[PDB]
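start00.csv, holding CSV, C-alpha atoms:
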chain,number,residue,atom,x,y,z
Q,1,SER,CA,-23.2,2.1,42.0
Q,2,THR,CA,-20.8,-0.8,41.3
Q,3,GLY,CA,-20.1,-3.3,38.6
Q,4,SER,CA,-18.4,-6.7,38.6
Q,5,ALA,CA,-17.6,-8.8,35.5
Q,6,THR,CA,-15.7,-12.0,34.9
Q,7,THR,CA,-12.8,-11.8,32.4
Q,8,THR,CA,-11.7,-15.0,30.6
Q,9,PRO,CA,-8.5,-15.9,28.7
Q,10,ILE,CA,-9.1,-16.2,24.9
Q,11,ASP,CA,-6.8,-19.3,24.6
Q,12,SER,CA,-4.6,-21.6,26.6
Q,13,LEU,CA,-1.7,-19.2,26.7
Q,14,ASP,CA,-3.6,-16.2,28.2
Q,15,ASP,CA,-2.8,-14.2,25.0
Q,16,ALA,CA,-5.6,-11.8,25.9
Q,17,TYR,CA,-8.7,-11.7,28.1
Q,18,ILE,CA,-12.4,-11.0,27.1
Q,19,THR,CA,-15.1,-9.6,29.2
Q,20,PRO,CA,-18.8,-9.5,28.2
Q,21,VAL,CA,-20.3,-6.1,27.6
Q,22,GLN,CA,-24.0,-5.3,27.0
Q,23,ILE,CA,-24.6,-2.6,24.3
Q,24,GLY,CA,-27.9,-1.2,23.2
Q,25,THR,CA,-31.6,-1.9,23.8
Q,26,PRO,CA,-32.4,-4.8,23.8
Q,27,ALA,CA,-28.9,-5.7,24.9
Q,28,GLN,CA,-26.4,-6.9,22.4
Q,29,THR,CA,-23.6,-8.7,24.3
Q,30,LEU,CA,-20.1,-8.5,22.8
Q,31,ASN,CA,-16.9,-9.9,24.3
Q,32,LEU,CA,-14.4,-7.0,24.6
Q,33,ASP,CA,-10.7,-6.8,25.4
Q,34,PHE,CA,-10.5,-4.4,28.4
Q,35,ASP,CA,-7.4,-2.3,27.7
Q,36,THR,CA,-5.9,0.0,30.3
Q,37,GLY,CA,-3.4,1.1,27.6
Q,38,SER,CA,-5.9,2.8,25.2
Q,39,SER,CA,-9.0,4.9,25.5
Q,40,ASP,CA,-11.5,3.9,22.7
Q,41,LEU,CA,-14.5,1.6,23.1
Q,42,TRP,CA,-14.8,0.2,19.6
Q,43,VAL,CA,-16.7,-2.8,18.2
Q,44,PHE,CA,-17.1,-5.0,15.2
Q,45,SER,CA,-20.4,-3.9,13.7
Q,46,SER,CA,-22.9,-4.2,10.9
Q,47,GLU,CA,-20.8,-1.5,9.2
Q,48,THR,CA,-17.5,-3.5,9.2
Q,49,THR,CA,-16.2,-4.5,5.8
Q,50,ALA,CA,-17.7,-7.9,5.3
Q,51,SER,CA,-14.4,-9.5,4.2
Q,52,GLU,CA,-12.8,-8.3,7.5
Q,53,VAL,CA,-15.3,-10.1,9.8
Q,54,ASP,CA,-14.5,-13.7,10.5
Q,55,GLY,CA,-16.5,-15.1,13.4
Q,56,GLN,CA,-16.8,-12.1,15.6
Q,57,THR,CA,-20.1,-11.0,17.2
Q,58,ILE,CA,-21.2,-7.6,15.7
Q,59,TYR,CA,-23.0,-4.6,17.1
Q,60,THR,CA,-25.9,-3.6,14.8
Q,61,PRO,CA,-27.0,-0.1,15.9
Q,62,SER,CA,-30.1,-0.1,13.7
Q,63,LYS,CA,-31.5,-2.8,16.0
Q,64,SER,CA,-30.9,-0.7,19.2
Q,65,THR,CA,-33.7,1.7,20.2
Q,66,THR,CA,-31.2,3.8,22.2
Q,67,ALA,CA,-28.5,4.0,19.5
Q,68,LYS,CA,-28.0,7.5,18.1
Q,69,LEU,CA,-25.4,8.4,15.4
Q,70,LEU,CA,-22.9,10.9,16.7
Q,71,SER,CA,-23.2,13.1,13.6
Q,72,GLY,CA,-19.9,13.8,11.9
Q,73,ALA,CA,-17.7,11.9,14.4
Q,74,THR,CA,-15.0,9.5,13.1
Q,75,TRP,CA,-12.2,7.6,14.8
Q,76,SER,CA,-9.0,5.9,13.8
Q,77,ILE,CA,-6.5,4.1,16.0
Q,78,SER,CA,-3.1,2.3,15.6
Q,79,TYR,CA,-1.9,0.1,18.4
Q,80,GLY,CA,1.6,-0.6,19.5
Q,81,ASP,CA,1.6,-4.0,17.8
Q,82,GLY,CA,0.9,-2.6,14.4
Q,83,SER,CA,-2.8,-3.3,14.3
Q,84,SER,CA,-5.4,-0.7,13.5
Q,85,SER,CA,-9.1,0.1,13.1
Q,86,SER,CA,-11.4,3.0,12.1
Q,87,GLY,CA,-15.0,3.9,11.6
Q,88,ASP,CA,-17.8,6.1,12.8
Q,89,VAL,CA,-19.5,6.7,16.2
Q,90,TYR,CA,-22.8,6.1,17.9
Q,91,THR,CA,-23.9,6.8,21.5
Q,92,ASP,CA,-25.7,4.0,23.2
Q,93,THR,CA,-26.3,2.4,26.6
Q,94,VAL,CA,-23.4,0.2,27.7
Q,95,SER,CA,-23.4,-2.0,30.8
Q,96,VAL,CA,-20.5,-4.0,32.4
Q,97,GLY,CA,-21.3,-6.4,35.1
Q,98,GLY,CA,-24.4,-4.6,36.2
Q,99,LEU,CA,-23.0,-1.0,35.9
Q,100,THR,CA,-24.8,1.0,33.3
Q,101,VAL,CA,-23.6,4.2,31.4
Q,102,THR,CA,-26.1,6.0,29.2
Q,103,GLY,CA,-24.8,8.0,26.2
Q,104,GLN,CA,-21.5,6.1,26.0
Q,105,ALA,CA,-19.6,6.6,22.7
Q,106,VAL,CA,-19.5,3.3,20.9
Q,107,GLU,CA,-17.1,3.4,18.0
Q,108,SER,CA,-18.3,1.3,15.2
Q,109,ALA,CA,-15.6,-0.2,13.0
Q,110,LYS,CA,-15.8,0.2,9.2
Q,111,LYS,CA,-12.2,-1.1,8.8
Q,112,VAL,CA,-10.1,-3.4,10.9
Q,113,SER,CA,-6.6,-4.7,10.3
Q,114,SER,CA,-5.9,-8.4,9.7
Q,115,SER,CA,-4.8,-9.3,13.2
Q,116,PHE,CA,-8.3,-8.3,14.5
Q,117,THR,CA,-10.1,-10.2,11.7
Q,118,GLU,CA,-8.0,-13.3,12.4
Q,119,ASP,CA,-8.9,-13.3,16.1
Q,120,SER,CA,-12.5,-14.5,16.2
Q,121,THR,CA,-12.7,-14.3,20.0
Q,122,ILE,CA,-12.4,-10.5,20.4
Q,123,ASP,CA,-15.4,-8.5,19.3
Q,124,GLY,CA,-13.7,-5.1,20.1
Q,125,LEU,CA,-11.8,-3.2,22.7
Q,126,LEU,CA,-13.0,-1.2,25.8
Q,127,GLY,CA,-10.3,1.3,26.7
Q,128,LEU,CA,-9.5,2.2,30.3
Q,129,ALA,CA,-6.6,4.6,29.9
Q,130,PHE,CA,-7.2,8.3,30.2
Q,131,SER,CA,-9.7,10.0,28.0
Q,132,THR,CA,-7.0,12.3,26.6
Q,133,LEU,CA,-6.0,9.5,24.3
Q,134,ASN,CA,-9.5,8.9,22.8
Q,135,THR,CA,-9.3,9.2,19.0
Q,136,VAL,CA,-12.8,10.4,18.2
Q,137,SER,CA,-12.8,13.5,16.0
Q,138,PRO,CA,-13.8,16.3,16.0
Q,139,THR,CA,-15.2,15.9,19.5
Q,140,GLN,CA,-13.1,13.7,21.7
Q,141,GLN,CA,-15.2,11.2,23.8
Q,142,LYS,CA,-14.9,9.9,27.4
Q,143,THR,CA,-14.1,6.3,28.3
Q,144,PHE,CA,-16.6,4.1,30.0
Q,145,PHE,CA,-14.8,4.5,33.3
Q,146,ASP,CA,-14.7,8.3,33.0
Q,147,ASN,CA,-18.5,8.4,32.2
Q,148,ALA,CA,-19.3,6.0,35.1
Q,149,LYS,CA,-16.9,7.6,37.7
Q,150,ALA,CA,-19.3,10.1,39.3
Q,151,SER,CA,-21.9,7.4,40.0
Q,152,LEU,CA,-19.5,4.9,41.4
Q,153,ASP,CA,-19.3,4.3,45.2
Q,154,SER,CA,-15.5,4.9,44.9
Q,155,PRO,CA,-13.8,6.3,41.7
Q,156,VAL,CA,-11.8,3.1,41.1
Q,157,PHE,CA,-11.7,-0.1,39.0
Q,158,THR,CA,-9.7,-3.2,39.8
Q,159,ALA,CA,-8.1,-5.9,37.6
Q,160,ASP,CA,-7.7,-9.4,38.9
Q,161,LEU,CA,-6.5,-11.4,36.0
Q,162,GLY,CA,-6.2,-15.2,36.2
Q,163,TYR,CA,-3.3,-17.4,35.2
Q,164,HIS,CA,-4.8,-19.9,32.8
Q,165,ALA,CA,-8.1,-19.2,34.4
Q,166,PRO,CA,-10.8,-16.5,34.6
Q,167,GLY,CA,-10.5,-13.4,36.7
Q,168,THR,CA,-12.5,-10.3,37.5
Q,169,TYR,CA,-12.9,-6.6,36.6
Q,170,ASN,CA,-14.6,-4.6,39.4
Q,171,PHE,CA,-15.9,-1.0,39.1
Q,172,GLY,CA,-16.5,1.2,42.1
Q,173,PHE,CA,-15.2,-1.0,45.0
Q,174,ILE,CA,-12.2,-2.9,46.2
Q,175,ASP,CA,-13.0,-6.6,47.1
Q,176,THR,CA,-11.0,-7.1,50.3
Q,177,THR,CA,-11.4,-10.9,49.9
Q,178,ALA,CA,-9.6,-10.9,46.5
Q,179,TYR,CA,-6.0,-10.3,47.7
Q,180,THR,CA,-3.6,-11.2,50.5
Q,181,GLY,CA,-1.8,-8.8,52.8
Q,182,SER,CA,-2.1,-5.1,52.1
Q,183,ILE,CA,-2.4,-3.0,48.9
Q,184,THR,CA,0.6,-0.9,48.2
Q,185,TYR,CA,-0.2,2.3,46.4
Q,186,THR,CA,2.2,4.1,44.1
Q,187,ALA,CA,2.2,7.4,42.2
Q,188,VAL,CA,0.9,7.8,38.6
Q,189,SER,CA,1.8,10.2,35.9
Q,190,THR,CA,-1.0,10.9,33.4
Q,191,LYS,CA,1.2,13.0,31.2
Q,192,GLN,CA,1.2,10.4,28.4
Q,193,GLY,CA,-2.4,9.4,28.9
Q,194,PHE,CA,-1.4,6.0,30.5
Q,195,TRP,CA,-1.4,4.5,33.9
Q,196,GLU,CA,2.3,5.2,34.1
Q,197,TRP,CA,4.2,4.5,37.3
Q,198,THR,CA,7.8,3.7,38.6
Q,199,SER,CA,8.7,0.2,39.9
Q,200,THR,CA,11.4,0.2,42.5
Q,201,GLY,CA,13.4,-2.7,41.1
Q,202,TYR,CA,13.5,-6.5,40.4
Q,203,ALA,CA,14.8,-9.9,41.3
Q,204,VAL,CA,15.4,-13.0,39.2
Q,205,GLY,CA,14.4,-16.3,41.0
Q,206,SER,CA,15.9,-16.4,44.5
Q,207,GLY,CA,18.5,-13.8,43.6
Q,208,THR,CA,19.0,-10.5,45.5
Q,209,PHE,CA,16.7,-7.6,44.8
Q,210,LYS,CA,18.1,-4.9,42.6
Q,211,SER,CA,16.9,-1.4,43.6
Q,212,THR,CA,16.5,0.5,40.4
Q,213,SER,CA,13.7,2.7,39.1
Q,214,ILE,CA,11.7,1.3,36.1
Q,215,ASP,CA,9.2,3.7,34.6
Q,216,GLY,CA,6.4,1.8,32.8
Q,217,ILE,CA,2.7,1.4,32.2
Q,218,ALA,CA,0.1,-0.9,33.7
Q,219,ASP,CA,-1.4,-2.2,30.5
Q,220,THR,CA,-4.0,-5.0,30.5
Q,221,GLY,CA,-4.1,-4.9,26.7
Q,222,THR,CA,-0.5,-6.2,26.3
Q,223,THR,CA,0.1,-9.9,26.7
Q,224,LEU,CA,3.7,-9.8,27.9
Q,225,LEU,CA,6.1,-8.0,30.3
Q,226,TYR,CA,8.4,-5.6,28.4
Q,227,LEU,CA,11.4,-4.3,30.4
Q,228,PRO,CA,14.8,-2.7,29.7
Q,229,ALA,CA,17.3,-4.9,27.9
Q,230,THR,CA,19.6,-5.1,30.9
Q,231,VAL,CA,16.8,-6.5,33.1
Q,232,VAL,CA,15.6,-9.0,30.4
Q,233,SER,CA,19.1,-10.2,29.8
Q,234,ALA,CA,19.7,-10.8,33.5
Q,235,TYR,CA,16.5,-12.9,33.6
Q,236,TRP,CA,17.2,-15.1,30.6
Q,237,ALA,CA,20.8,-15.6,31.6
Q,238,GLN,CA,19.4,-17.9,34.3
Q,239,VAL,CA,17.8,-20.2,31.8
Q,240,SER,CA,20.2,-22.7,30.1
Q,241,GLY,CA,19.9,-22.4,26.4
Q,242,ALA,CA,17.8,-19.2,26.3
Q,243,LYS,CA,18.7,-16.7,23.6
Q,244,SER,CA,17.3,-13.7,21.8
Q,245,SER,CA,16.2,-14.7,18.3
Q,246,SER,CA,15.9,-12.0,15.7
Q,247,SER,CA,14.1,-14.4,13.4
Q,248,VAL,CA,11.4,-15.3,16.0
Q,249,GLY,CA,11.3,-11.7,17.4
Q,250,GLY,CA,12.4,-12.1,21.0
Q,251,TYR,CA,13.8,-14.4,23.7
Q,252,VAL,CA,13.2,-18.1,23.2
Q,253,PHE,CA,14.1,-20.9,25.6
Q,254,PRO,CA,14.2,-24.7,25.5
Q,255,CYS,CA,10.7,-26.0,26.2
Q,256,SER,CA,12.4,-28.5,28.6
Q,257,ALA,CA,13.4,-25.7,31.0
Q,258,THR,CA,12.0,-24.9,34.4
Q,259,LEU,CA,11.8,-21.1,34.4
Q,260,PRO,CA,12.7,-19.0,37.5
Q,261,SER,CA,10.3,-16.5,39.0
Q,262,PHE,CA,10.6,-12.8,38.4
Q,263,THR,CA,9.9,-10.2,41.2
Q,264,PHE,CA,9.1,-6.5,40.7
Q,265,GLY,CA,9.0,-3.8,43.3
Q,266,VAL,CA,6.0,-1.6,44.2
Q,267,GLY,CA,7.4,0.8,46.7
Q,268,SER,CA,8.8,-1.4,49.5
Q,269,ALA,CA,6.5,-4.2,48.5
Q,270,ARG,CA,7.2,-7.1,46.1
Q,271,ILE,CA,5.1,-8.9,43.5
Q,272,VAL,CA,6.4,-12.4,42.5
Q,273,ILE,CA,5.6,-13.7,39.0
Q,274,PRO,CA,5.9,-17.5,39.1
Q,275,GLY,CA,8.2,-19.0,36.4
Q,276,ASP,CA,5.3,-20.8,34.7
Q,277,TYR,CA,3.6,-17.5,34.0
Q,278,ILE,CA,6.6,-16.6,31.7
Q,279,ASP,CA,6.2,-19.7,29.4
Q,280,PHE,CA,4.3,-18.9,26.2
Q,281,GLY,CA,4.7,-22.3,24.6
Q,282,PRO,CA,6.2,-23.5,21.4
Q,283,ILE,CA,7.1,-20.9,18.8
Q,284,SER,CA,5.3,-23.0,16.2
Q,285,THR,CA,3.4,-26.2,16.6
Q,286,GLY,CA,5.6,-29.1,17.6
Q,287,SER,CA,8.7,-27.0,18.2
Q,288,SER,CA,10.9,-27.5,21.2
Q,289,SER,CA,11.7,-23.8,21.3
Q,290,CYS,CA,9.4,-21.9,23.5
Q,291,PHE,CA,8.6,-18.2,23.5
Q,292,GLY,CA,9.4,-16.1,26.6
Q,293,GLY,CA,6.9,-14.0,28.5
Q,294,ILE,CA,9.5,-11.3,29.5
Q,295,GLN,CA,10.9,-9.4,26.5
Q,296,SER,CA,12.9,-6.3,25.8
Q,297,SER,CA,11.2,-2.9,25.6
Q,298,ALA,CA,14.1,-1.5,23.6
Q,299,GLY,CA,12.1,-1.3,20.4
Q,300,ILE,CA,8.9,0.1,21.9
Q,301,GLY,CA,10.0,3.4,23.6
Q,302,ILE,CA,8.2,2.5,26.9
Q,303,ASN,CA,8.3,-0.3,29.5
Q,304,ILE,CA,5.0,-2.3,29.7
Q,305,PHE,CA,3.7,-4.1,32.7
Q,306,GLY,CA,1.4,-6.3,30.7
Q,307,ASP,CA,-0.7,-9.3,31.6
Q,308,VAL,CA,2.3,-11.5,32.6
Q,309,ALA,CA,3.0,-9.0,35.4
Q,310,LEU,CA,-0.5,-7.9,36.2
Q,311,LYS,CA,-2.0,-11.4,36.5
Q,312,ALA,CA,0.4,-12.0,39.5
Q,313,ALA,CA,-1.3,-9.2,41.4
Q,314,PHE,CA,-4.6,-7.6,42.4
Q,315,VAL,CA,-4.4,-4.2,40.8
Q,316,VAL,CA,-6.3,-1.0,41.8
Q,317,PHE,CA,-6.7,1.7,39.2
Q,318,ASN,CA,-7.6,4.6,41.4
Q,319,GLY,CA,-9.2,7.4,39.4
Q,320,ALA,CA,-9.4,10.0,42.2
Q,321,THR,CA,-8.5,13.6,41.4
Q,322,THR,CA,-4.9,12.6,41.7
Q,323,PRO,CA,-4.8,9.0,40.3
Q,324,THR,CA,-2.7,6.3,41.8
Q,325,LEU,CA,-2.1,2.6,41.3
Q,326,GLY,CA,-2.3,-0.1,43.9
Q,327,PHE,CA,-0.8,-3.6,43.9
Q,328,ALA,CA,-1.4,-6.5,46.2
Q,329,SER,CA,-0.3,-10.1,46.2
Q,330,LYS,CA,-3.1,-12.7,45.9
Show the structure stored in the file as structure tokens.
Amino acid sequence: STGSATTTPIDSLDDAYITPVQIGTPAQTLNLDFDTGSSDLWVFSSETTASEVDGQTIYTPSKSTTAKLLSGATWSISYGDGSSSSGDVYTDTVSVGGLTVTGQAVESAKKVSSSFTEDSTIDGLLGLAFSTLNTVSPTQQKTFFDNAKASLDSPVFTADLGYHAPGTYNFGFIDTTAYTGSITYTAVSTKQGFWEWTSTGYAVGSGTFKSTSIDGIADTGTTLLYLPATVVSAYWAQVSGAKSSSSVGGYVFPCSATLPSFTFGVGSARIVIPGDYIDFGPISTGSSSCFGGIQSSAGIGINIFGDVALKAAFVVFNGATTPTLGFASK
């Protein structure tokens, strides 16, 4: 089997992407944030505190003939941005782009933090990291990809995110028309539960490539590219007037600037992020200070190849016995 679904930016900045997911019988379609940096499929639901729902589409398990409470199971998650959610668990039929998993754990939110409430476009998350991070207790549950893997033609999914445009998530096959050149594959460590790999270096604009190992995660659930402070400082030094602002919370730059590209290494291959991908617009409406899309990871504890980096590539998440990642230009 295979599945193919379109993923769509939630706003004009590509702050996140949403993909429609069918849950239950008859289907209830919710728009989920596919997140290769976490491992819970959770949804706004009929059980979510009413004051914490503001425009999202909710899953109502009582209206699904295939929904079953997973007796005794609860979940609770905190994300790297300070947001959180928690609730109980059903099993139900979940389909993505024509690919169906029966008995998928669907984590029903009783509580969500304010950042989720305030984002009416995201009805929940679908985690695509390794199932070792799944928060369900006392019986940890598998991700949608883990449950589907055995039935897939090939044990892979691919992320093809668009710049200011829709893209595609494919399950079970590699669309050879979706990229240029060849896919370069690189080793993955699953020791932290993430799609963790080592980039071979970087370049700023037309500058020379710096060979240096940068360990990081391929994370579709993070908007920006978070890299070591040395690398980020070298990038922003090429933009006149750019500075790190503690009050804003990162590097800002004059909105009048033309940004240079940023290149990262995948083995001997190179992925070029055009400068425009690094512009996240005015820090506040009407401001002439613009927020940068490459930021320091120094306060995180890990480097994060988020959407800014991933949208420049066709990315293969290879879930074979020994997982690997693949990157191609497109």
Would you tabulate, counting all atoms listed in the file, all residues of region 121-211 of chain Q that have an atom at most 7 Å from an atom of region 40-47 of chain Q, showing the closest pair of atoms and their distance in Å to one decimal, sorted by chain then ascending number, as a tab-separated table?
residue	atom	partner	partner_atom	distance
Q:123	CA	Q:44	CA	5.7
Q:124	CA	Q:43	CA	4.2
Q:125	CA	Q:42	CA	5.5
Q:126	CA	Q:41	CA	4.2
Q:127	CA	Q:40	CA	4.9
Q:134	CA	Q:40	CA	5.4
Q:135	CA	Q:40	CA	6.8
Q:143	CA	Q:40	CA	6.6
Put those residues in a file: C-alpha atoms, as a PDB file, keeping the file's coordinate frame.
ATOM      1  CA  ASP Q 123     -15.400  -8.500  19.300  1.00  0.00           C
ATOM      2  CA  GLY Q 124     -13.700  -5.100  20.100  1.00  0.00           C
ATOM      3  CA  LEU Q 125     -11.800  -3.200  22.700  1.00  0.00           C
ATOM      4  CA  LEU Q 126     -13.000  -1.200  25.800  1.00  0.00           C
ATOM      5  CA  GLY Q 127     -10.300   1.300  26.700  1.00  0.00           C
ATOM      6  CA  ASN Q 134      -9.500   8.900  22.800  1.00  0.00           C
ATOM      7  CA  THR Q 135      -9.300   9.200  19.000  1.00  0.00           C
ATOM      8  CA  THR Q 143     -14.100   6.300  28.300  1.00  0.00           C
TER       9      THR Q 143
END
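Atom to atom, CA of residue 279 (chain Q) and CA of residue 117 (chain Q) stand 25.9 Å apart.
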Any idea what the distance is between CA of residue 163 (chain Q) and CA of residue 128 (chain Q)?
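CA of residue 128 (chain Q) lies 21.1 Å from CA of residue 163 (chain Q).
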Given all atoms listed in the file as the basis, pick out the residue of Q:315, Q:290, Q:50, Q:231 nearest to residue 203 (chain Q).
Q:231
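Distances to residue 297 (chain Q) were evaluated for Q:49, Q:56, Q:189, Q:230 using only C-alpha atoms, and the minimum falls at Q:230.
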List every protein, DNA or RNA residue that has an atom no more than 12 Å from (2.2, -18.7, 32.3) in the file's coordinate frame, counting all atoms listed in the file, and report them as a VMD selection string.
chain Q and resid 9 11 to 15 161 to 165 223 to 225 258 to 262 273 to 281 290 to 294 307 to 312
Tell me, as a list in words, which residues lie within 10 Å of residue 229 (chain Q), counting all atoms listed in the file; anything in the same chain fewer than 5 positions away does not count.
residues 234, 235, 295, 296, 297, 298 and 299 of chain Q
What are the closest atom pairs, with distances in Å to one decimal, for all residues of region 127-238 of chain Q lying within 7 Å of region 91-107 of chain Q? Consider all atoms listed in the file, order rows by chain and residue number, and present the result as a tab-separated table.
residue	atom	partner	partner_atom	distance
Q:141	CA	Q:105	CA	6.5
Q:144	CA	Q:104	CA	6.6
Q:147	CA	Q:101	CA	6.7
Q:148	CA	Q:101	CA	6.0
Go ahead and compute the interatomic distance for CA of residue 22 (chain Q) and CA of residue 4 (chain Q), in Å to one decimal.
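So the two atoms, CA of residue 22 (chain Q) and CA of residue 4 (chain Q), lie 13.0 Å apart.
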Write out as a VMD selection string the residues lying within 10 Å of residue 186 (chain Q), counting all atoms listed in the file and excluding same-chain residues fewer than 2 positions away.
chain Q and resid 183 to 184 188 197 to 199 266 to 267 323 to 327
Which residue of Q:300, Q:268, Q:194, Q:314 approaches residue 131 (chain Q) most closely, using all atoms listed in the file:
Q:194
Selection as number ranges by chain: residues within 10 Å of (-13.4, -16.6, 29.3), counting all atoms listed in the file
Q: 6-11, 14, 16-20, 31, 121, 164-167
Quick one: write out the picked residues with C-alpha atoms as an mmCIF file, in the frame of the given file?
data_model
loop_
_atom_site.group_PDB
_atom_site.id
_atom_site.type_symbol
_atom_site.label_atom_id
_atom_site.label_comp_id
_atom_site.auth_asym_id
_atom_site.auth_seq_id
_atom_site.Cartn_x
_atom_site.Cartn_y
_atom_site.Cartn_z
ATOM 1 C CA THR Q 6 -15.700 -12.000 34.900
ATOM 2 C CA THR Q 7 -12.800 -11.800 32.400
ATOM 3 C CA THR Q 8 -11.700 -15.000 30.600
ATOM 4 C CA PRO Q 9 -8.500 -15.900 28.700
ATOM 5 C CA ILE Q 10 -9.100 -16.200 24.900
ATOM 6 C CA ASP Q 11 -6.800 -19.300 24.600
ATOM 7 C CA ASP Q 14 -3.600 -16.200 28.200
ATOM 8 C CA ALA Q 16 -5.600 -11.800 25.900
ATOM 9 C CA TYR Q 17 -8.700 -11.700 28.100
ATOM 10 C CA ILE Q 18 -12.400 -11.000 27.100
ATOM 11 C CA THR Q 19 -15.100 -9.600 29.200
ATOM 12 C CA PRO Q 20 -18.800 -9.500 28.200
ATOM 13 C CA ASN Q 31 -16.900 -9.900 24.300
ATOM 14 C CA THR Q 121 -12.700 -14.300 20.000
ATOM 15 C CA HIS Q 164 -4.800 -19.900 32.800
ATOM 16 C CA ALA Q 165 -8.100 -19.200 34.400
ATOM 17 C CA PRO Q 166 -10.800 -16.500 34.600
ATOM 18 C CA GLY Q 167 -10.500 -13.400 36.700
#
For residue 90 (chain Q), the nearest of the candidates Q:55, Q:282, Q:61, Q:205, counting all atoms listed in the file:
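Nearest to residue 90 (chain Q): Q:61.
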Long-range neighbours of residue 243 (chain Q) as number ranges by chain, 7 Å cut-off, only C-alpha atoms, 6 positions minimum in chain:
Q: 251-253
In terms of the shortest atom-to-atom distance over all atoms listed in the file, which of Q:175, Q:146, Q:35, Q:88 is closest to residue 217 (chain Q)?
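Looking at the shortest contact to residue 217 (chain Q), the residue is Q:35.
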Tell me which protein, DNA and RNA residues are within 8 Å of residue 137 (chain Q), counting only C-alpha atoms, leaving out same-chain ones fewer than 2 positions away, and put them as a list in words.
residues 73, 74, 75, 135, 139 and 140 of chain Q
Please save C-alpha atoms of the selected residues as an mmCIF file, in the frame of the given file.
data_model
loop_
_atom_site.group_PDB
_atom_site.id
_atom_site.type_symbol
_atom_site.label_atom_id
_atom_site.label_comp_id
_atom_site.auth_asym_id
_atom_site.auth_seq_id
_atom_site.Cartn_x
_atom_site.Cartn_y
_atom_site.Cartn_z
ATOM 1 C CA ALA Q 73 -17.700 11.900 14.400
ATOM 2 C CA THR Q 74 -15.000 9.500 13.100
ATOM 3 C CA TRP Q 75 -12.200 7.600 14.800
ATOM 4 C CA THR Q 135 -9.300 9.200 19.000
ATOM 5 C CA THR Q 139 -15.200 15.900 19.500
ATOM 6 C CA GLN Q 140 -13.100 13.700 21.700
#
Given all atoms listed in the file as the basis, pick out the residue of Q:204, Q:109, Q:122, Q:178 nearest to residue 29 (chain Q).
Q:122
Shell around residue 86 (chain Q) at 7 Å using only C-alpha atoms, local window under 6 positions removed, as a list in words:
residues 75, 76, 77, 109, 110, 111 and 112 of chain Q
